[PDB]
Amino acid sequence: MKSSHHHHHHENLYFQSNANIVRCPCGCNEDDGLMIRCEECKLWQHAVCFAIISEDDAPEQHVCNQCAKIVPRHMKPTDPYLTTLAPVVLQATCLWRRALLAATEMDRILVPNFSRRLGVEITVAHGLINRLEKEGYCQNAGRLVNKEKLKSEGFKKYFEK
């Protein structure tokens, strides 16, 4: 068959519609890893963009960043931090989170491969990789990924609540 996101509200149901797009503050509109569907707008986001890196840590009611300013109070935004960020900062922060999770699947990072992996321009990928280097999550030079430091210190610094 074909692989793409969809929803089973009960175990004997299947719903898919091209109207339920990916719409996430990272600006990437493709499925990639763990995806989560917003309770309010029924559109899809990358869990990692909302600092969710384990399907057991994901909320049962996900409220995306667009919806955070319009749902009643009892529906908490999944990542309140994002609501405080300026738009260009917001996109850069979610992309950084995607980059951190993506780097954990690579032994070495090469700029064209990395740009394609994340769907970004080369100059953006250079910016990300130079940041990974300063943090110590990859080496200076491709660039060997320091997987242990990334998964331990890096996830603590950027994802742990």
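Residue positions are given as counts along the sequence shown, with the first one as 1.
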{"query": "Continuity check for residue 141 and residue 142, given as deposited residues lacking coordinates between them", "finding": "4 to 9"}
{"query": "Between the two ranges 92 to 100 and 113 to 121, the one averaging a larger CA B factor in the entry", "finding": "113 to 121"}
{"query": "Mean temperature factor over C-alpha atoms, higher-scoring stretch between 25 to 33 and 122 to 130", "finding": "122 to 130"}
{"query": "Residue 82 - Cα temperature factor, lowest/middle/highest third of chain", "finding": "lowest"}
{"query": "Residue 68 CA temperature factor, ranked by third within the chain", "finding": "highest"}
{"query": "Lowest, middle or highest third - CA B-factor, residue 45", "finding": "lowest"}
{"query": "Where the record places residue 106 (Cα B-factor, split into thirds across the chain)", "finding": "highest"}
{"query": "For residue 12, the third of its chain into which the C-alpha B factor falls", "finding": "lowest"}
